[PDB]
>>> print(open('final36.pdb').read())   # PDB, C-alpha atoms and all ligand atoms
ATOM      1  CA  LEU T   1     -18.093  -0.830  -3.406  1.00  0.00           C
ATOM      2  CA  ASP T   2     -16.151  -4.095  -3.975  1.00  0.00           C
ATOM      3  CA  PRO T   3     -14.216  -4.838  -0.722  1.00  0.00           C
ATOM      4  CA  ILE T   4     -10.453  -4.657  -0.566  1.00  0.00           C
ATOM      5  CA  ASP T   5      -9.099  -8.211  -0.774  1.00  0.00           C
ATOM      6  CA  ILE T   6      -5.424  -8.751  -0.002  1.00  0.00           C
ATOM      7  CA  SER T   7      -5.985 -12.383   1.135  1.00  0.00           C
ATOM      8  CA  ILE T   8      -3.742 -13.637  -1.760  1.00  0.00           C
ATOM      9  CA  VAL T   9      -0.712 -11.664  -0.436  1.00  0.00           C
ATOM     10  CA  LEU T  10      -1.421 -12.255   3.315  1.00  0.00           C
ATOM     11  CA  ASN T  11      -1.747 -16.050   2.687  1.00  0.00           C
ATOM     12  CA  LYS T  12       1.580 -15.918   0.773  1.00  0.00           C
ATOM     13  CA  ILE T  13       3.290 -14.215   3.743  1.00  0.00           C
ATOM     14  CA  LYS T  14       1.829 -16.782   6.192  1.00  0.00           C
ATOM     15  CA  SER T  15       3.258 -19.536   3.931  1.00  0.00           C
ATOM     16  CA  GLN T  16       6.758 -17.938   3.812  1.00  0.00           C
ATOM     17  CA  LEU T  17       6.682 -17.473   7.628  1.00  0.00           C
ATOM     18  CA  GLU T  18       6.053 -21.253   8.118  1.00  0.00           C
ATOM     19  CA  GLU T  19       9.058 -21.945   5.840  1.00  0.00           C
ATOM     20  CA  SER T  20      11.224 -19.479   7.852  1.00  0.00           C
ATOM     21  CA  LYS T  21      10.205 -21.273  11.093  1.00  0.00           C
ATOM     22  CA  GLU T  22      11.126 -24.702   9.596  1.00  0.00           C
ATOM     23  CA  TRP T  23      14.621 -23.461   8.678  1.00  0.00           C
ATOM     24  CA  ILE T  24      15.209 -22.120  12.172  1.00  0.00           C
ATOM     25  CA  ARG T  25      13.996 -25.448  13.557  1.00  0.00           C
ATOM     26  CA  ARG T  26      16.485 -27.204  11.367  1.00  0.00           C
ATOM     27  CA  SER T  27      19.296 -24.853  12.373  1.00  0.00           C
ATOM     28  CA  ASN T  28      18.630 -25.404  16.072  1.00  0.00           C
ATOM     29  CA  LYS T  29      18.443 -29.177  15.607  1.00  0.00           C
ATOM     30  CA  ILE T  30      21.935 -29.155  14.095  1.00  0.00           C
ATOM     31  CA  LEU T  31      23.288 -26.907  16.891  1.00  0.00           C
ATOM     32  CA  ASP T  32      21.804 -29.434  19.402  1.00  0.00           C
ATOM     33  CA  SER T  33      24.002 -32.174  17.804  1.00  0.00           C
ATOM     34  CA  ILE T  34      27.172 -30.129  18.732  1.00  0.00           C
TER
ATOM     35  CA  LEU E   1      -9.540  14.744   0.686  1.00  0.00           C
ATOM     36  CA  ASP E   2      -5.760  14.768  -0.004  1.00  0.00           C
ATOM     37  CA  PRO E   3      -4.684  11.231  -1.040  1.00  0.00           C
ATOM     38  CA  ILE E   4      -2.730   9.037   1.393  1.00  0.00           C
ATOM     39  CA  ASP E   5       0.896   8.735   0.151  1.00  0.00           C
ATOM     40  CA  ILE E   6       3.274   6.301   1.976  1.00  0.00           C
ATOM     41  CA  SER E   7       5.358   5.544  -1.158  1.00  0.00           C
ATOM     42  CA  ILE E   8       8.481   7.045   0.435  1.00  0.00           C
ATOM     43  CA  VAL E   9       8.565   4.732   3.433  1.00  0.00           C
ATOM     44  CA  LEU E  10       7.646   1.709   1.306  1.00  0.00           C
ATOM     45  CA  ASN E  11      10.481   2.371  -1.140  1.00  0.00           C
ATOM     46  CA  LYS E  12      12.758   2.941   1.852  1.00  0.00           C
ATOM     47  CA  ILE E  13      11.712  -0.470   3.130  1.00  0.00           C
ATOM     48  CA  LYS E  14      12.553  -1.858  -0.302  1.00  0.00           C
ATOM     49  CA  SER E  15      16.010  -0.272  -0.027  1.00  0.00           C
ATOM     50  CA  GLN E  16      16.744  -1.678   3.434  1.00  0.00           C
ATOM     51  CA  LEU E  17      15.572  -5.076   2.197  1.00  0.00           C
ATOM     52  CA  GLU E  18      18.144  -5.160  -0.659  1.00  0.00           C
ATOM     53  CA  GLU E  19      20.899  -4.338   1.908  1.00  0.00           C
ATOM     54  CA  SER E  20      19.692  -7.367   3.963  1.00  0.00           C
ATOM     55  CA  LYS E  21      19.858  -9.561   0.813  1.00  0.00           C
ATOM     56  CA  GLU E  22      23.525  -8.563   0.112  1.00  0.00           C
ATOM     57  CA  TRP E  23      24.464  -9.349   3.766  1.00  0.00           C
ATOM     58  CA  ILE E  24      23.100 -12.919   3.318  1.00  0.00           C
ATOM     59  CA  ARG E  25      25.036 -13.168   0.003  1.00  0.00           C
ATOM     60  CA  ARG E  26      28.353 -12.319   1.773  1.00  0.00           C
ATOM     61  CA  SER E  27      27.562 -14.682   4.681  1.00  0.00           C
ATOM     62  CA  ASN E  28      26.880 -17.528   2.227  1.00  0.00           C
ATOM     63  CA  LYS E  29      30.091 -16.947   0.267  1.00  0.00           C
ATOM     64  CA  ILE E  30      32.238 -17.039   3.412  1.00  0.00           C
ATOM     65  CA  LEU E  31      30.660 -20.341   4.420  1.00  0.00           C
ATOM     66  CA  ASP E  32      31.629 -21.717   0.992  1.00  0.00           C
ATOM     67  CA  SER E  33      35.275 -20.761   1.661  1.00  0.00           C
ATOM     68  CA  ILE E  34      35.091 -23.386   4.517  1.00  0.00           C
TER
ATOM     69  CA  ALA X   1     -21.203   7.164  14.474  1.00  0.00           C
ATOM     70  CA  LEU X   2     -18.127   5.311  13.086  1.00  0.00           C
ATOM     71  CA  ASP X   3     -15.608   3.989  15.700  1.00  0.00           C
ATOM     72  CA  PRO X   4     -12.027   4.930  14.757  1.00  0.00           C
ATOM     73  CA  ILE X   5      -9.696   2.114  13.865  1.00  0.00           C
ATOM     74  CA  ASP X   6      -7.321   1.287  16.673  1.00  0.00           C
ATOM     75  CA  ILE X   7      -4.516  -1.201  16.103  1.00  0.00           C
ATOM     76  CA  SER X   8      -2.236   0.355  18.732  1.00  0.00           C
ATOM     77  CA  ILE X   9      -2.084  -2.803  20.842  1.00  0.00           C
ATOM     78  CA  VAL X  10      -0.763  -4.931  17.996  1.00  0.00           C
ATOM     79  CA  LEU X  11       1.594  -2.211  16.779  1.00  0.00           C
ATOM     80  CA  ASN X  12       3.028  -1.815  20.286  1.00  0.00           C
ATOM     81  CA  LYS X  13       3.520  -5.587  20.474  1.00  0.00           C
ATOM     82  CA  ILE X  14       5.356  -5.620  17.074  1.00  0.00           C
ATOM     83  CA  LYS X  15       7.559  -2.821  18.465  1.00  0.00           C
ATOM     84  CA  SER X  16       8.350  -4.790  21.667  1.00  0.00           C
ATOM     85  CA  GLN X  17       9.086  -7.949  19.645  1.00  0.00           C
ATOM     86  CA  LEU X  18      11.366  -5.895  17.336  1.00  0.00           C
ATOM     87  CA  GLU X  19      13.253  -4.598  20.442  1.00  0.00           C
ATOM     88  CA  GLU X  20      13.516  -8.226  21.705  1.00  0.00           C
ATOM     89  CA  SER X  21      15.063  -9.190  18.300  1.00  0.00           C
ATOM     90  CA  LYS X  22      17.647  -6.358  18.635  1.00  0.00           C
ATOM     91  CA  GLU X  23      18.551  -7.729  22.135  1.00  0.00           C
ATOM     92  CA  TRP X  24      19.210 -11.247  20.764  1.00  0.00           C
ATOM     93  CA  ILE X  25      21.502  -9.813  18.065  1.00  0.00           C
ATOM     94  CA  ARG X  26      23.242  -7.757  20.732  1.00  0.00           C
ATOM     95  CA  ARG X  27      23.975 -10.925  22.667  1.00  0.00           C
ATOM     96  CA  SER X  28      25.149 -12.757  19.558  1.00  0.00           C
ATOM     97  CA  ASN X  29      27.548 -10.046  18.639  1.00  0.00           C
ATOM     98  CA  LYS X  30      28.836  -9.885  22.224  1.00  0.00           C
ATOM     99  CA  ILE X  31      29.606 -13.598  22.241  1.00  0.00           C
ATOM    100  CA  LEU X  32      31.328 -13.241  18.884  1.00  0.00           C
ATOM    101  CA  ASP X  33      33.501 -10.525  20.463  1.00  0.00           C
ATOM    102  CA  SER X  34      34.659 -13.004  23.080  1.00  0.00           C
ATOM    103  CA  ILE X  35      36.199 -15.304  20.417  1.00  0.00           C
TER
ATOM    104  CA  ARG F   1      41.856 -17.392   7.669  1.00  0.00           C
ATOM    105  CA  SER F   2      40.934 -20.212  10.161  1.00  0.00           C
ATOM    106  CA  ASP F   3      37.592 -22.067   9.822  1.00  0.00           C
ATOM    107  CA  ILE F   4      36.541 -20.605  13.240  1.00  0.00           C
ATOM    108  CA  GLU F   5      37.307 -17.042  12.011  1.00  0.00           C
ATOM    109  CA  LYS F   6      35.298 -17.709   8.790  1.00  0.00           C
ATOM    110  CA  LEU F   7      32.224 -18.935  10.770  1.00  0.00           C
ATOM    111  CA  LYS F   8      32.616 -15.842  13.042  1.00  0.00           C
ATOM    112  CA  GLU F   9      32.524 -13.473  10.013  1.00  0.00           C
ATOM    113  CA  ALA F  10      29.584 -15.391   8.446  1.00  0.00           C
ATOM    114  CA  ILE F  11      27.479 -15.028  11.645  1.00  0.00           C
ATOM    115  CA  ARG F  12      28.528 -11.356  11.825  1.00  0.00           C
ATOM    116  CA  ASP F  13      27.172 -10.836   8.289  1.00  0.00           C
ATOM    117  CA  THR F  14      23.966 -12.731   9.031  1.00  0.00           C
ATOM    118  CA  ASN F  15      23.440 -10.469  12.019  1.00  0.00           C
ATOM    119  CA  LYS F  16      23.742  -7.393   9.816  1.00  0.00           C
ATOM    120  CA  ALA F  17      21.119  -8.793   7.487  1.00  0.00           C
ATOM    121  CA  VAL F  18      18.830  -9.311  10.428  1.00  0.00           C
ATOM    122  CA  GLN F  19      19.545  -5.732  11.607  1.00  0.00           C
ATOM    123  CA  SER F  20      18.457  -4.435   8.142  1.00  0.00           C
ATOM    124  CA  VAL F  21      15.220  -6.482   8.474  1.00  0.00           C
ATOM    125  CA  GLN F  22      14.710  -4.954  11.970  1.00  0.00           C
ATOM    126  CA  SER F  23      15.022  -1.455  10.401  1.00  0.00           C
ATOM    127  CA  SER F  24      12.563  -2.444   7.637  1.00  0.00           C
ATOM    128  CA  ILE F  25      10.032  -3.773  10.253  1.00  0.00           C
ATOM    129  CA  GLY F  26      10.366  -0.478  12.153  1.00  0.00           C
ATOM    130  CA  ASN F  27       9.409   1.370   8.993  1.00  0.00           C
ATOM    131  CA  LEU F  28       6.518  -1.020   8.332  1.00  0.00           C
ATOM    132  CA  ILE F  29       5.072  -0.002  11.700  1.00  0.00           C
ATOM    133  CA  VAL F  30       5.290   3.638  10.638  1.00  0.00           C
ATOM    134  CA  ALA F  31       3.636   2.904   7.301  1.00  0.00           C
ATOM    135  CA  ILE F  32       0.731   1.038   8.898  1.00  0.00           C
ATOM    136  CA  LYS F  33       0.421   3.637  11.661  1.00  0.00           C
ATOM    137  CA  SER F  34       0.161   6.244   8.902  1.00  0.00           C
ATOM    138  CA  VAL F  35      -2.766   4.412   7.283  1.00  0.00           C
ATOM    139  CA  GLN F  36      -4.545   4.212  10.644  1.00  0.00           C
ATOM    140  CA  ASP F  37      -4.028   7.926  11.257  1.00  0.00           C
ATOM    141  CA  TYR F  38      -5.229   8.762   7.744  1.00  0.00           C
ATOM    142  CA  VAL F  39      -8.386   6.719   8.203  1.00  0.00           C
ATOM    143  CA  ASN F  40      -9.064   8.262  11.633  1.00  0.00           C
ATOM    144  CA  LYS F  41      -8.196  11.904  10.815  1.00  0.00           C
ATOM    145  CA  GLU F  42      -9.453  12.134   7.189  1.00  0.00           C
ATOM    146  CA  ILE F  43     -11.890   9.364   6.140  1.00  0.00           C
ATOM    147  CA  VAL F  44     -13.760   8.823   9.448  1.00  0.00           C
ATOM    148  CA  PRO F  45     -14.612  12.572   9.958  1.00  0.00           C
ATOM    149  CA  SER F  46     -15.626  12.845   6.234  1.00  0.00           C
ATOM    150  CA  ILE F  47     -18.170  10.035   6.672  1.00  0.00           C
ATOM    151  CA  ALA F  48     -19.419  11.312  10.027  1.00  0.00           C
ATOM    152  CA  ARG F  49     -19.889  14.726   8.381  1.00  0.00           C
TER
ATOM    153  CA  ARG U   1      30.117 -34.911  10.721  1.00  0.00           C
ATOM    154  CA  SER U   2      32.488 -32.457  12.588  1.00  0.00           C
ATOM    155  CA  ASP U   3      31.542 -29.525  14.884  1.00  0.00           C
ATOM    156  CA  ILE U   4      32.768 -27.067  12.175  1.00  0.00           C
ATOM    157  CA  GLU U   5      30.615 -28.764   9.472  1.00  0.00           C
ATOM    158  CA  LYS U   6      27.593 -28.723  11.798  1.00  0.00           C
ATOM    159  CA  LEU U   7      28.108 -24.961  12.476  1.00  0.00           C
ATOM    160  CA  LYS U   8      28.458 -24.160   8.751  1.00  0.00           C
ATOM    161  CA  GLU U   9      25.138 -25.956   7.935  1.00  0.00           C
ATOM    162  CA  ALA U  10      23.374 -24.365  10.965  1.00  0.00           C
ATOM    163  CA  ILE U  11      24.302 -20.874   9.657  1.00  0.00           C
ATOM    164  CA  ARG U  12      23.194 -21.934   6.151  1.00  0.00           C
ATOM    165  CA  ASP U  13      19.687 -22.837   7.459  1.00  0.00           C
ATOM    166  CA  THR U  14      19.557 -19.581   9.419  1.00  0.00           C
ATOM    167  CA  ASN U  15      20.340 -17.591   6.275  1.00  0.00           C
ATOM    168  CA  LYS U  16      17.571 -19.414   4.422  1.00  0.00           C
ATOM    169  CA  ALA U  17      15.252 -18.502   7.277  1.00  0.00           C
ATOM    170  CA  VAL U  18      16.245 -14.868   6.874  1.00  0.00           C
ATOM    171  CA  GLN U  19      15.739 -15.120   3.110  1.00  0.00           C
ATOM    172  CA  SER U  20      12.161 -16.272   3.691  1.00  0.00           C
ATOM    173  CA  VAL U  21      11.657 -13.365   6.088  1.00  0.00           C
ATOM    174  CA  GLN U  22      12.951 -11.028   3.390  1.00  0.00           C
ATOM    175  CA  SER U  23      10.384 -12.475   0.927  1.00  0.00           C
ATOM    176  CA  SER U  24       7.644 -11.929   3.572  1.00  0.00           C
ATOM    177  CA  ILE U  25       8.604  -8.246   3.989  1.00  0.00           C
ATOM    178  CA  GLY U  26       8.578  -7.815   0.204  1.00  0.00           C
ATOM    179  CA  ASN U  27       4.961  -9.009   0.175  1.00  0.00           C
ATOM    180  CA  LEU U  28       4.046  -6.941   3.226  1.00  0.00           C
ATOM    181  CA  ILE U  29       5.047  -3.920   1.144  1.00  0.00           C
ATOM    182  CA  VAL U  30       2.780  -5.128  -1.643  1.00  0.00           C
ATOM    183  CA  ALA U  31      -0.149  -5.649   0.731  1.00  0.00           C
ATOM    184  CA  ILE U  32       0.194  -2.189   2.271  1.00  0.00           C
ATOM    185  CA  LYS U  33       0.625  -0.564  -1.133  1.00  0.00           C
ATOM    186  CA  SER U  34      -2.608  -2.274  -2.218  1.00  0.00           C
ATOM    187  CA  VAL U  35      -4.417  -0.802   0.766  1.00  0.00           C
ATOM    188  CA  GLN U  36      -3.016   2.650  -0.072  1.00  0.00           C
ATOM    189  CA  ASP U  37      -4.105   2.331  -3.699  1.00  0.00           C
ATOM    190  CA  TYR U  38      -7.562   1.053  -2.749  1.00  0.00           C
ATOM    191  CA  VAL U  39      -8.050   4.008  -0.399  1.00  0.00           C
ATOM    192  CA  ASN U  40      -6.879   6.495  -3.074  1.00  0.00           C
ATOM    193  CA  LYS U  41      -8.716   4.916  -6.049  1.00  0.00           C
ATOM    194  CA  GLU U  42     -11.977   3.638  -4.443  1.00  0.00           C
ATOM    195  CA  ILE U  43     -12.587   5.463  -1.137  1.00  0.00           C
ATOM    196  CA  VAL U  44     -11.365   9.032  -1.660  1.00  0.00           C
ATOM    197  CA  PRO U  45     -13.241   9.566  -4.963  1.00  0.00           C
ATOM    198  CA  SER U  46     -16.424   8.132  -3.375  1.00  0.00           C
ATOM    199  CA  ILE U  47     -16.005  10.485  -0.360  1.00  0.00           C
ATOM    200  CA  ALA U  48     -15.213  13.515  -2.645  1.00  0.00           C
ATOM    201  CA  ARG U  49     -18.647  12.949  -4.313  1.00  0.00           C
TER
ATOM    202  CA  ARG B   1      33.886 -22.019  26.834  1.00  0.00           C
ATOM    203  CA  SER B   2      35.485 -23.141  23.607  1.00  0.00           C
ATOM    204  CA  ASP B   3      35.438 -21.234  20.374  1.00  0.00           C
ATOM    205  CA  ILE B   4      33.082 -23.861  19.026  1.00  0.00           C
ATOM    206  CA  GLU B   5      30.678 -23.498  21.938  1.00  0.00           C
ATOM    207  CA  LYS B   6      30.813 -19.717  21.533  1.00  0.00           C
ATOM    208  CA  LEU B   7      29.941 -19.766  17.806  1.00  0.00           C
ATOM    209  CA  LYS B   8      27.122 -22.208  18.692  1.00  0.00           C
ATOM    210  CA  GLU B   9      25.618 -19.851  21.332  1.00  0.00           C
ATOM    211  CA  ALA B  10      26.092 -16.906  18.905  1.00  0.00           C
ATOM    212  CA  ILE B  11      24.007 -18.749  16.255  1.00  0.00           C
ATOM    213  CA  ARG B  12      21.191 -19.679  18.902  1.00  0.00           C
ATOM    214  CA  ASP B  13      21.025 -16.045  19.796  1.00  0.00           C
ATOM    215  CA  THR B  14      20.715 -15.114  16.100  1.00  0.00           C
ATOM    216  CA  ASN B  15      17.990 -17.710  15.566  1.00  0.00           C
ATOM    217  CA  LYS B  16      16.089 -16.313  18.549  1.00  0.00           C
ATOM    218  CA  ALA B  17      16.376 -12.893  16.879  1.00  0.00           C
ATOM    219  CA  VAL B  18      14.892 -14.328  13.697  1.00  0.00           C
ATOM    220  CA  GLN B  19      12.088 -15.934  15.701  1.00  0.00           C
ATOM    221  CA  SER B  20      11.236 -12.589  17.295  1.00  0.00           C
ATOM    222  CA  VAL B  21      11.175 -11.134  13.757  1.00  0.00           C
ATOM    223  CA  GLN B  22       8.913 -14.047  12.674  1.00  0.00           C
ATOM    224  CA  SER B  23       6.501 -13.194  15.556  1.00  0.00           C
ATOM    225  CA  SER B  24       6.644  -9.478  14.634  1.00  0.00           C
ATOM    226  CA  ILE B  25       5.737 -10.324  10.977  1.00  0.00           C
ATOM    227  CA  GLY B  26       2.886 -12.530  12.160  1.00  0.00           C
ATOM    228  CA  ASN B  27       1.528  -9.515  13.996  1.00  0.00           C
ATOM    229  CA  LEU B  28       2.090  -7.288  11.001  1.00  0.00           C
ATOM    230  CA  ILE B  29      -0.245  -9.600   9.143  1.00  0.00           C
ATOM    231  CA  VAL B  30      -2.805  -9.249  11.885  1.00  0.00           C
ATOM    232  CA  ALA B  31      -2.527  -5.453  11.827  1.00  0.00           C
ATOM    233  CA  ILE B  32      -2.971  -5.256   8.003  1.00  0.00           C
ATOM    234  CA  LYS B  33      -5.929  -7.713   8.104  1.00  0.00           C
ATOM    235  CA  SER B  34      -7.530  -5.535  10.840  1.00  0.00           C
ATOM    236  CA  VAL B  35      -7.192  -2.533   8.464  1.00  0.00           C
ATOM    237  CA  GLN B  36      -8.683  -4.515   5.553  1.00  0.00           C
ATOM    238  CA  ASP B  37     -11.579  -5.735   7.709  1.00  0.00           C
ATOM    239  CA  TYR B  38     -12.196  -2.242   9.081  1.00  0.00           C
ATOM    240  CA  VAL B  39     -12.375  -0.856   5.557  1.00  0.00           C
ATOM    241  CA  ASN B  40     -14.764  -3.570   4.363  1.00  0.00           C
ATOM    242  CA  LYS B  41     -17.094  -3.667   7.373  1.00  0.00           C
ATOM    243  CA  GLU B  42     -17.108  -0.040   8.549  1.00  0.00           C
ATOM    244  CA  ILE B  43     -16.034   2.263   5.710  1.00  0.00           C
ATOM    245  CA  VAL B  44     -17.464   0.532   2.665  1.00  0.00           C
ATOM    246  CA  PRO B  45     -20.959  -0.039   4.006  1.00  0.00           C
ATOM    247  CA  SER B  46     -21.034   3.568   5.184  1.00  0.00           C
ATOM    248  CA  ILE B  47     -20.231   4.883   1.676  1.00  0.00           C
ATOM    249  CA  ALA B  48     -22.735   2.398   0.235  1.00  0.00           C
ATOM    250  CA  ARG B  49     -25.501   3.795   2.463  1.00  0.00           C
TER
HETATM  251 CA    CA R 101      34.002 -10.394  13.006  1.00  0.00          CA
END
>>> encode(input="final36.pdb", output="structure tokens", more="lines below")
Ligand SMILES: [Ca+2]
Amino acid sequence: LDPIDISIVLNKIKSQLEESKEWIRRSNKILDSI
Amino acid sequence: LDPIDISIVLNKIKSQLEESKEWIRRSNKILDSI
Amino acid sequence: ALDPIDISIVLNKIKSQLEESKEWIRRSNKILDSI
Amino acid sequence: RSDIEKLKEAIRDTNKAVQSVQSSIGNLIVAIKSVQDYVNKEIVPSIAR
Amino acid sequence: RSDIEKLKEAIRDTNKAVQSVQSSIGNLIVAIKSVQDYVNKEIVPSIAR
Amino acid sequence: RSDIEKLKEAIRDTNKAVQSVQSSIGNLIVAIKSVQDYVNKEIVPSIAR
């Protein structure tokens, strides 16, 4: 049978997670300036 | 075999996710009032 | 002879991390109460 | 009405959004657990049979 | 920039971080649904035969 | 502490909650991939045989 392949969606989630982490990094950097 | 059916929980996740979206909407509009 | 799938370790970690997230919100809300 | 009270309410709303996400992640665990159980209790025996 | 302005932007970045998490969960639903559908459409028929 | 310092600590706590959620999602990905791989390497070849 053809294998299940959800790599497209998993790779998308990994990409959105990296974005989420960058925003939190930016938030904390601003808080550090206070 | 009986088919696997997790559509209820997945649509429940979709519901809780829309609630989360509205909470961010409110938060963003209060910050604008500053 | 097919081994059953067992992702219980990772699921239990996700659960613990979820409980850790609830604790951080608890603390946030508590500080906000003290304002 | 004060800026400090506005920030306070904003954070309070962000927290609620995060709480909703926490609930959603809890249900994702159940959904994935259900797939595991289905594979182990239905598909695996069927193939071993 | 003032302490109030800094706090307002901090919370704005945090909300964006939650918004990305929300997107992630949306796609986690899609991935799990795809596994469900693959099991139902490709595996169960095969096993029934 | 001041109101400003309190809002600040409230927002670090919230960010740490988001980070725990980020970690939890990362592991959700791992769990789903494990399911996919199990289907493709254990179930599918079995049915093929
Ligand atoms: Ca409040």
>>> closest_residue(input="final36.pdb", among="U:2, U:41, U:27, U:32", to="chain F", atoms="only C-alpha atoms")
U:32
>>> residues_near_point(input="final36.pdb", point="(-17.1, -7.5, -1.2)", cutoff="10 Å", atoms="only C-alpha atoms", output="list in words")
residues 1, 2, 3, 4 and 5 of chain T; 40, 41, 44 and 45 of chain B
>>> write_last_selection(input="final36.pdb", atoms="C-alpha atoms", output="tab-separated table (two decimals), in the frame of the given file")
chain	number	residue	atom	x	y	z
T	1	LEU	CA	-18.09	-0.83	-3.41
T	2	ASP	CA	-16.15	-4.10	-3.98
T	3	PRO	CA	-14.22	-4.84	-0.72
T	4	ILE	CA	-10.45	-4.66	-0.57
T	5	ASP	CA	-9.10	-8.21	-0.77
B	40	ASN	CA	-14.76	-3.57	4.36
B	41	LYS	CA	-17.09	-3.67	7.37
B	44	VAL	CA	-17.46	0.53	2.66
B	45	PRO	CA	-20.96	-0.04	4.01
>>> resolve_selection(input="final36.pdb", expression="the PyMOL selection byres (((chain T and resi 21) around 10) and not hetatm)", output="PyMOL selection string")
(chain T and resi 16-20+22-27) or (chain U and resi 14+17-18+20-21) or (chain B and resi 15+18-19+22-23)
>>> residues_near_ligand(input="final36.pdb", ligand="ligand CA 101 (chain R)", cutoff="12 Å", atoms="all atoms listed in the file", output="PyMOL selection string")
(chain E and resi 27+30) or (chain X and resi 28-35) or (chain F and resi 1+4-16) or (chain B and resi 7+10)
>>> atom_distance(input="final36.pdb", atom1="CA of residue 37 in chain B", atom2="CA of residue 49 in chain U")
23.3 Å
>>> resolve_selection(input="final36.pdb", expression="the ChimeraX specification (/B :<8) & /X", output="PyMOL selection string")
chain X and resi 2+5+7+10-11+13-15+17-18+20-25+27-29+31-32+34-35
>>> atom_distance(input="final36.pdb", atom1="CA of residue 19 in chain X", atom2="CA of residue 33 in chain F")
17.6 Å
>>> atom_distance(input="final36.pdb", atom1="CA of residue 15 in chain E", atom2="CA of residue 29 in chain U")
11.6 Å
>>> axis_aligned_box(input="final36.pdb", around="range 21-24 of chain F", padding_each_side="8 Å", output="lines of an AutoDock Vina configuration file")
center_x = 13.9
center_y = -4.0
center_z = 9.8
size_x = 18.7
size_y = 21.0
size_z = 20.3
>>> calpha_fit_and_write(input="final36.pdb", fixed="chain U", moving="chain F", output="PDB file with C-alpha atoms, in the coordinates of the input")
ATOM      1  CA  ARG F   1      30.558 -34.547  10.434  1.00  0.00           C
ATOM      2  CA  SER F   2      33.070 -32.104  12.088  1.00  0.00           C
ATOM      3  CA  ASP F   3      31.832 -29.463  14.582  1.00  0.00           C
ATOM      4  CA  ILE F   4      32.944 -26.726  12.093  1.00  0.00           C
ATOM      5  CA  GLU F   5      30.879 -28.362   9.290  1.00  0.00           C
ATOM      6  CA  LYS F   6      27.839 -28.589  11.648  1.00  0.00           C
ATOM      7  CA  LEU F   7      28.068 -24.850  12.565  1.00  0.00           C
ATOM      8  CA  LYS F   8      28.437 -24.083   8.803  1.00  0.00           C
ATOM      9  CA  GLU F   9      25.197 -25.991   7.987  1.00  0.00           C
ATOM     10  CA  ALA F  10      23.361 -24.392  10.962  1.00  0.00           C
ATOM     11  CA  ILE F  11      24.242 -20.845   9.761  1.00  0.00           C
ATOM     12  CA  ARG F  12      23.260 -21.887   6.216  1.00  0.00           C
ATOM     13  CA  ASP F  13      19.818 -22.923   7.516  1.00  0.00           C
ATOM     14  CA  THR F  14      19.423 -19.752   9.567  1.00  0.00           C
ATOM     15  CA  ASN F  15      20.161 -17.757   6.437  1.00  0.00           C
ATOM     16  CA  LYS F  16      17.387 -19.553   4.569  1.00  0.00           C
ATOM     17  CA  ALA F  17      14.961 -18.700   7.335  1.00  0.00           C
ATOM     18  CA  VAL F  18      15.965 -15.085   7.059  1.00  0.00           C
ATOM     19  CA  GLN F  19      15.533 -15.262   3.252  1.00  0.00           C
ATOM     20  CA  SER F  20      11.932 -16.537   3.779  1.00  0.00           C
ATOM     21  CA  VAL F  21      11.306 -13.569   6.141  1.00  0.00           C
ATOM     22  CA  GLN F  22      12.742 -11.227   3.446  1.00  0.00           C
ATOM     23  CA  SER F  23      10.218 -12.692   0.938  1.00  0.00           C
ATOM     24  CA  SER F  24       7.393 -12.262   3.487  1.00  0.00           C
ATOM     25  CA  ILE F  25       8.411  -8.576   4.115  1.00  0.00           C
ATOM     26  CA  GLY F  26       8.397  -7.999   0.340  1.00  0.00           C
ATOM     27  CA  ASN F  27       4.826  -9.245   0.225  1.00  0.00           C
ATOM     28  CA  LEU F  28       3.862  -7.112   3.230  1.00  0.00           C
ATOM     29  CA  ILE F  29       4.924  -4.050   1.238  1.00  0.00           C
ATOM     30  CA  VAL F  30       2.635  -5.153  -1.585  1.00  0.00           C
ATOM     31  CA  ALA F  31      -0.258  -5.729   0.805  1.00  0.00           C
ATOM     32  CA  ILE F  32       0.094  -2.298   2.411  1.00  0.00           C
ATOM     33  CA  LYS F  33       0.641  -0.637  -0.970  1.00  0.00           C
ATOM     34  CA  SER F  34      -2.614  -2.270  -2.072  1.00  0.00           C
ATOM     35  CA  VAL F  35      -4.519  -0.719   0.846  1.00  0.00           C
ATOM     36  CA  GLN F  36      -3.086   2.708   0.005  1.00  0.00           C
ATOM     37  CA  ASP F  37      -4.083   2.345  -3.643  1.00  0.00           C
ATOM     38  CA  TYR F  38      -7.568   1.171  -2.665  1.00  0.00           C
ATOM     39  CA  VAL F  39      -8.064   4.149  -0.376  1.00  0.00           C
ATOM     40  CA  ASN F  40      -6.774   6.586  -3.021  1.00  0.00           C
ATOM     41  CA  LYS F  41      -8.534   5.105  -6.086  1.00  0.00           C
ATOM     42  CA  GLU F  42     -11.850   3.960  -4.514  1.00  0.00           C
ATOM     43  CA  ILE F  43     -12.656   5.530  -1.108  1.00  0.00           C
ATOM     44  CA  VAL F  44     -11.154   9.027  -1.606  1.00  0.00           C
ATOM     45  CA  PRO F  45     -12.998   9.701  -4.951  1.00  0.00           C
ATOM     46  CA  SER F  46     -16.267   8.299  -3.427  1.00  0.00           C
ATOM     47  CA  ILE F  47     -16.083  10.835  -0.582  1.00  0.00           C
ATOM     48  CA  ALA F  48     -15.040  13.710  -2.839  1.00  0.00           C
ATOM     49  CA  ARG F  49     -18.012  12.835  -5.073  1.00  0.00           C
TER      50      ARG F  49
END
